[PDB]
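Chemist: Begin with these chain(s), straight out of the complex:
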Amino acid sequence: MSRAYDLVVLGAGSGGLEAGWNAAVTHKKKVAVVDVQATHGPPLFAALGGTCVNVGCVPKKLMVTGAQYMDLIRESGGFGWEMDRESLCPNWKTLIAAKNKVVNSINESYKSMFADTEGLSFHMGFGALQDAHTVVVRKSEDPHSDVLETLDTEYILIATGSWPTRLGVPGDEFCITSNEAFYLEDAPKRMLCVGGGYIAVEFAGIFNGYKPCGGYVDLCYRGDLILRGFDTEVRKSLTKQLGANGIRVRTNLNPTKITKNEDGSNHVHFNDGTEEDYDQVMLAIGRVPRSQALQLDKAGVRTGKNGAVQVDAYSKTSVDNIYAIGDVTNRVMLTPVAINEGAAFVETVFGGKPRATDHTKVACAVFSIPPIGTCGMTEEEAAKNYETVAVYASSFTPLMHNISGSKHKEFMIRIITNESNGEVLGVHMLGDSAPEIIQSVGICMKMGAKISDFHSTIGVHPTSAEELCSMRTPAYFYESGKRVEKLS
């Protein structure tokens, strides 16, 4: 059969714009790409470029880079750099301004991409499914608003991503999320970050860097140790170093009631029954797939837990012509994962050579201060899945920190290997440059690197990374899930 478009992508995101571009350029198909708005902005935060560009990776990193100067300016003193250190506080207003300039600049380059690419058209509005071949674009999220466009397509691709989750406590509406955090007029003096995940830990670092005079940031998590699912020794050292940096880490604590005050501040009720006032309260509870308004039922597309889209290894839904990638599938919620999922989708339906995304042994990072760089299994998980595992560990304060005054900044590397093989199953790093090192570590790992391949490599001196090639003797072992000091 013959229709108007070959592909209609719902969501101009990291994955969406990858599949859209590739189909249109290398295969010269006719691709329509639907998104909510053109440039970044408060009313509906996401835009052209997805969460990555608008309210995610890109702006986050810039603000984490901005916050990192607080330490660096302090650290410079030991090396001979003298200036006014008296109540040295930063300008939040000129950070957001500069941030907006860059985000908008990327918003503009994606806009001119559509004009420069034949077959690639942008369609502003709220895309929703009608049937297996028809995507309806509406004026608002409300399914009774005006119908802007009716797109007739061979294939549909859902890349609408995810949305912040909120807790069902009274006064929920008075709290902000990562979305609102980007567009705050002023940096908060009294800041509460709720949750112990990626966003919570990262933004606690941002606010702590940009807090005004005498300000403070409280991170509160409902459990024992923050960042569940990461290397426990890394998590412990990270809690210790966030503390040393100023952030008051608060475990086994959770808000139950929030009330609005007359002066503007927020009154918060906790688990232990204590009461406190915070200028802003951010919720980093996690991200649920954004698919509750797409009407997947009307096409026969299976909706799992939290609205996730049931896909096979090749991203294909219950309907043979409809596909889904990125956060909306709830597999591995990262930008480069969604991009790979998109490029694979093109290679399959329009390329002739099908490929599935390798979701295993994927190197990711946490952009806290200091940052985490990880790839592979935790020692807890590898113990459950393997006969006998060796745990290599190394901690150090870099020589420069003896001069800088930040003697709390301990670089940590922990390698988890299969004892039988020698195969590296996990590498976990904490410290500066850790997200940069973990990248080429991940090239070794999916390549199937052994611990012998590491320490036989001649090091690069002086670097933090050279320590990867100096770990030969394991600290301890796991034997059939049991922690042992030596091998029987």
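Modeler: Done, it's in. Numbers count the residues shown, from 1 in each chain, chains lettered A, B, ... in the order given.
Chemist: Quickly note the distance from residue A:51 to residue A:219.
Modeler: 22 Å (Cβ to Cβ, to the nearest Å). The C-beta positions use only the backbone N, C-alpha and C, and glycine is treated the same way.
Chemist: after the host helix or strand of residue A:72 comes which helix or strand?
Modeler: According to DSSP states H and E, residue A:72 maps onto helix A:57-76. Following helix A:57-76 in sequence order, the next helix or strand is helix A:92-116 (DSSP H and E).
Chemist: name the helices or strands packed onto that next one?
Modeler: Where contact means 3 or more Cβ pairs under 8 Å, 6 or more residues apart in numbering; DSSP states H and E, helix A:92-116 is packed against helix A:50-55, helix A:57-76, strand A:120-124.
Chemist: the inter-axis angle of it versus strand A:120-124?
Modeler: 130 degrees (axes from the mean of the first three to the mean of the last three Cα atoms, to 10 degrees).
Chemist: What are the contacting residues of helix A:92-116?
Modeler: Outside helix A:92-116, the residues within contact range by Cβ atoms under 8 Å, 6 or more residues apart in numbering are A:12, A:17, A:21, A:33, A:38-40, A:47-49, A:53-54, A:58-59, A:62-63, A:66, A:120-122, A:182-187, A:210.
Chemist: How about stretch A:332-350?
Modeler: Under Cβ under 8 Å, 6+ apart, the answer for stretch A:332-350 is A:6-7, A:13-19, A:22-23, A:26-27, A:29, A:52, A:56-57, A:155, A:157, A:159, A:161-162, A:287, A:314-315, A:323, A:325-327, A:329, A:331, A:353-359, A:362, A:364.
Chemist: now stretch A:72-80
Modeler: Residues from elsewhere that reach stretch A:72-80 (Cβ under 8 Å, 6+ apart): A:83, A:85, A:88, A:403, A:404, A:405, A:406.
Chemist: and if we set it to 6 Å?
Modeler: The contact list for stretch A:72-80, computed with Cβ atoms under 6 Å, 6 or more residues apart in numbering, reads A:403, A:404, A:405, A:406.
Chemist: Can you give me the distance of residue A:84 to residue A:73?
Modeler: 10 Å.
Chemist: and those two? which has more neighbours close in?
Modeler: When neighbours are counted by other Cβ atoms under 10 Å, residue A:84 and residue A:73 differ, and residue A:73 comes out ahead with 14 against 6.
Chemist: Only C-alpha atoms, please: export the helix holding residue A:72 in PDB.
Modeler: Taking only C-alpha atoms (Å, rounded to 0.1, in the frame of the first residue of the first chain), the coordinates of helix A:57-76 have been written out as PDB:
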ATOM      1  CA  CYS A  57      21.700  15.800  30.300                       C
ATOM      2  CA  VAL A  58      22.800  19.000  28.600                       C
ATOM      3  CA  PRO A  59      21.600  21.800  31.000                       C
ATOM      4  CA  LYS A  60      22.300  19.500  34.000                       C
ATOM      5  CA  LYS A  61      26.000  19.000  33.100                       C
ATOM      6  CA  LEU A  62      26.400  22.800  32.500                       C
ATOM      7  CA  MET A  63      25.000  23.500  36.000                       C
ATOM      8  CA  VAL A  64      27.200  20.700  37.500                       C
ATOM      9  CA  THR A  65      30.200  22.300  35.800                       C
ATOM     10  CA  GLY A  66      29.200  25.600  37.200                       C
ATOM     11  CA  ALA A  67      28.800  24.300  40.700                       C
ATOM     12  CA  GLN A  68      32.200  22.600  40.500                       C
ATOM     13  CA  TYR A  69      33.900  26.000  40.500                       C
ATOM     14  CA  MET A  70      33.100  26.500  44.100                       C
ATOM     15  CA  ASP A  71      35.600  23.800  45.000                       C
ATOM     16  CA  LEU A  72      38.100  24.800  42.300                       C
ATOM     17  CA  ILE A  73      38.200  28.400  43.500                       C
ATOM     18  CA  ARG A  74      38.700  27.200  47.000                       C
ATOM     19  CA  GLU A  75      41.300  24.700  45.900                       C
ATOM     20  CA  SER A  76      43.300  27.300  43.900                       C
END
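Chemist: max-length strand in chain A?
Modeler: Looking across chain A with DSSP state E, the single longest strand is strand A:147-158.
Chemist: Drop chain B onto that structure:
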Amino acid sequence: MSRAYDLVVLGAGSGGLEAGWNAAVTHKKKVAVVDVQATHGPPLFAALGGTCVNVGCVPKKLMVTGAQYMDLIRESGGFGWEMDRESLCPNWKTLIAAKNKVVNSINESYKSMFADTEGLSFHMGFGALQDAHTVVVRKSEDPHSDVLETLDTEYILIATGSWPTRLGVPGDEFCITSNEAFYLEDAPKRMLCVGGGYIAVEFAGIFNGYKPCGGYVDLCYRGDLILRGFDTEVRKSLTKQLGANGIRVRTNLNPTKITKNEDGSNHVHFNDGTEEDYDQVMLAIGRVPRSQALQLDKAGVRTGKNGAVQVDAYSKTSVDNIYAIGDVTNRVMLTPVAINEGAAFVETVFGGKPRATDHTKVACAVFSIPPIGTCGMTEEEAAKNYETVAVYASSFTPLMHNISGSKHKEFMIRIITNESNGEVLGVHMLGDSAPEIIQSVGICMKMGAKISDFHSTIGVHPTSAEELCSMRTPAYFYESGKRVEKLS
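Modeler: Chain B added:
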């Protein structure tokens, strides 16, 4: 036969202290270690710990880290950090002071290593050879000064390293080297670095950071492009960026005569017949192996060109019981190379399991601002002895530099592959975090990584290293030595 010691190490350096420690601790041998002095200091700069610790890797990196703050403080302004930027210059003498404290505490750490290790003893003086089994320790470098100790040994190891080379021009003795650079009480306003190698480029960066008001650093090089043997596109982009940062790169220029003025400053005559005044003039001509005073002839050990000790793959000299490692062999003059050479020497003669150092595919770095991170062949060399080579290239100005103001800071990656099989022969990087990334790149290359292994790895976003996994189509090719735009 049984003698006083089974190992005498001449030179307590990176290689020396590696072989010394290992023989004494893991194999319980009686190891004597000779070095010139105990702690770092001007008269004879090198000490316990070698050049690396005292007048090399360690103090250099610290000073480069301090100089890097000049940029970071300027870059902070765009992110919202306000301060007195008016005439902001650093304190050189408090940097040197802090540097000394760190170097000294390592000198002390090595001193208490000898006291805590049995069999391992330190012998202060000038070691020289008597015969195949006897090493004489003298009061001074003059071979007629008092004989301090006479050491009787089964095996001799030469790890005396290298020494700065000087150019045979009138006024040579008025110039400093890297040695004296560490102990100048004042930072020069008018600075000339002579040469285009590692030391020249790194120290030009240091002085440029630590110059007083209205000060300038001129780097002058004998040839056309600085840093021969490195990726030509990296060198060009470095020259451009050293320029942009303040360092005046002057090529095809070489001093001919130097005279000392009455005010203290130095008058320099150049290649183009021009005259100029510099407060200090550093010679980075290179490093010749330190072997002129050891009397290798007396024992029958072959000295090659420049005085380099001729050795086989296992570091064994002309005599079966005398060995040599590190800079003194003039193979690959790096610290971690000398360490590997030392650890192998022990494994061979005391471990019973012989091993040679893999001098090929060694990842190293240049700690300029911005720094270089390299591993493997240049495209010129790979063209000279391969059938067809593919040259992958990528240049980009990181997103944060749109806010910071340093839009000259371009990150560069160039991969050079054997087109036949896809094998990566060289990876060349220029920019921040480059020496940190290149480490785990060298693990891939030692494993024999293919270009497919790179671009198949899911990236880490946002980083500079994620670009390493996004290079798929080559920019151009080399076909039987000739530069081609495509394959015929």
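Chemist: Chain B added, so what about what packs on helix A:92-116 now?
Modeler: Applying 3 or more Cβ pairs under 6 Å, 6 or more residues apart in numbering or on different chains; DSSP states H and E, we find helix A:92-116 packed against helix A:57-76.
Chemist: List the buried residues of the helix it packs on.
Modeler: For helix A:57-76, the neighbour count (16 or more other Cβ atoms under 10 Å in any protein chain shown) marks A:57-73, A:75-76 as buried.
Chemist: Can you name the helix or strand that the closest residue to residue A:278 other than its chain neighbours falls in?
Modeler: Once flanking residues are discounted, residue A:278 sits nearest to residue A:192: 4.3 Å by Cβ to Cβ, 6 or more residues apart in numbering or on different chains. Element membership for residue A:192 (DSSP H and E) is strand A:190-194.
Chemist: Give the pairing partners of that strand; include direction for each.
Modeler: Strand pairing for strand A:190-194, determined by DSSP bridges: strand A:216-220 (parallel), strand A:280-283 (parallel).
Chemist: Heading C-terminal from it, find the next helix or strand.
Modeler: As assigned by DSSP H and E, the chain's next helix or strand after strand A:190-194 is helix A:198-210.
Chemist: Other residues contacting that following helix?
Modeler: With Cβ atoms under 6 Å, 6 or more residues apart in numbering or on different chains as the test, helix A:198-210 has contacts from A:63, A:67, A:70, A:90, A:92, A:178, A:187, A:191, A:193, A:217, A:219, A:246-247, A:284, A:366-369.
Chemist: Quick one: buried ones out of those?
Modeler: Of the contacts of helix A:198-210, these count as buried by 16+ other Cβ under 10 Å: A:63, A:67, A:70, A:90, A:92, A:178, A:187, A:191, A:193, A:217, A:219, A:247, A:284, A:366-369.
Chemist: hmm, back to that, centre of the chain to the strand holding residue A:192, how far?
Modeler: 19 Å (Cα atoms, centre = their mean, to the nearest Å).
Chemist: burial of residue A:459, as a residue count?
Modeler: Applying other Cβ atoms under 10 Å in any protein chain shown, we find 24 residues neighbouring residue A:459.
Chemist: I meant residue A:168, not that one.
Modeler: The burial count for residue A:168: 5, using other Cβ under 10 Å.
Chemist: can you tell me which residues contact it?
Modeler: Neighbour list for residue A:168: empty [criterion: Cβ under 6 Å, 6+ apart].
Chemist: Report the central residue of chain A.
Modeler: With distances taken as Cα atoms, centre = their mean, residue A:334 lies nearest the centre of chain A, 5.7 Å away.
Chemist: For the stretch 351-488 of chain A, which residues are neighbours of chain B?
Modeler: Counting by Cβ under 6 Å from any Cβ of the partner chain, the stretch 351-488 of chain A comes close to chain B at A:362-363, A:365, A:400, A:402-403, A:433, A:435-437, A:439-444, A:446-447, A:453, A:457-463, A:465-466.
Chemist: which residues sit in contact with residue A:233?
Modeler: residue A:414.
Chemist: ok, now with 10 Å
Modeler: When contacts are counted by Cβ atoms under 10 Å, 6 or more residues apart in numbering or on different chains, residue A:233 touches A:378, A:379, A:391, A:393, A:395, A:412, A:414, A:428, A:430, A:475.
Chemist: So it belongs to a helix, correct?
Modeler: Yes: judged by DSSP: H, G, I helix; E, B strand; the rest coil, residue A:233 forms part of a helix.
Chemist: And it, how far from residue B:388?
Modeler: 48 Å.
Chemist: Flag every residue of the stretch 101-250 of chain A that's near chain B.
Modeler: The stretch 101-250 of chain A comes close to chain B at residues A:101, A:102, A:103, A:105, A:106, A:187, A:209, A:210, as judged by Cβ under 10 Å from any Cβ of the partner chain.
Chemist: And the residues you listed, which is closest to residue B:261?
Modeler: Of all these, residue B:261 sits closest to residue A:209, with 49.4 Å by Cβ to Cβ.
Chemist: residues near the closest one, how many?
Modeler: Quick note: residue A:209 (other Cβ under 10 Å) scores 27 neighbours.
Chemist: how deep is the residue nearest to residue A:278 tucked in, by neighbour count?
Modeler: For residue A:192, the neighbour count with other Cβ under 10 Å is 28.
Chemist: close enough to count as contact, it and residue A:221?
Modeler: No: judged on Cβ atoms under 10 Å, residue A:192 makes no contact with residue A:221 at a distance of 11.6 Å.
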